[PDB]
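Asker:
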Amino acid sequence: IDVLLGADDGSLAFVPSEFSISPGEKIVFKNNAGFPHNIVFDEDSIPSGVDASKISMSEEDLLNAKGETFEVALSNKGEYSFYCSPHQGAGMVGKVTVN
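Counting from 70, one number per residue, gives the positions in the sequence shown under the UniProt record's numbering.
#1: Residues in its own chain within less than 8 Å of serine 150 by CB, not counting five upstream and five downstream?
#2: Rounded to whole angstroms, what is the Cα-Cα separation between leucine 73 and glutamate 140?
#3: Hey, how far is the Cα of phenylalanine 98 from the Cα of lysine 135?
#4: If distances are taken between C-alpha atoms only, which option among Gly147, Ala76, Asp78 and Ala142 comes closest to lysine 95?
#5: Taking the straight line between their C-alpha atoms, what separation do you get for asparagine 168 and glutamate 87?
#6: Along the chain, which unbroken stretches of the beta strand (DSSP E) at least 3 residues long are found entirely within the UniProt domain "Plastocyanin-like" (70 to 168)?
#7: Less than 6 Å between C-beta atoms, sequence neighbours within five positions excluded: which residues of the same chain meet that for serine 144?
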């Protein structure tokens, strides 16, 4: 599934922000608008036993250019909360469910 970072009107959102995938389905996060952006999984808000480091950007890492992507595949089932660190307070947050 593709997810935009920034809406086409410049809104600081993931599009989509809430979505479900199957195990080992790839997510491609694509820099769209209002970058730089990143994708961080909340270590307190992912399935038990998952290593956030394996699936997230560092807080300090950025995608700086239009069309840069970060791709990830999730295998454990459950709910995963993520956010964009520089824009978290703006509400640039999301949740994926692996079912």
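Cβ atoms here follow ideal geometry from the backbone N, Cα and C, with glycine treated the same way.
Answerer: Taking the coordinates as given:
#1: On the sequence shown, residue 150 is found 81 positions in, with the first residue counted as 1. Here the set comprises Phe110, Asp111, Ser114, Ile115, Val162, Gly163 and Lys164.
#2: Against the sequence shown, residue 73 aligns to sequence position 4. Against the sequence shown, residue 140 aligns to sequence position 71. Straight-line Cα distance between these residues: approximately 12 Å.
#3: For the purposes of this step, residue 98 is taken as the residue at position 29 of the sequence shown. For the purposes of this step, residue 135 is taken as the residue at position 66 of the sequence shown. Going by the C-alpha atoms only, they are around 12 Å apart.
#4: Position 26 of the sequence shown, counting from 1, holds the residue named residue 95. Selected option, being the one with the closest Cα: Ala142.
#5: Translated into positions along the sequence shown, residue 168 becomes position 99. Translated into positions along the sequence shown, residue 87 becomes position 18. Their Cα atoms are separated by approximately 13 Å.
#6: 71 to 74, 87 to 90, 95 to 100, 138 to 142, 147 to 152 and 162 to 167
#7: Within the sequence shown, numbered from 1, the residue matching residue 144 stands at position 75. Same-chain partners within the cutoff: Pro92 and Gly93.
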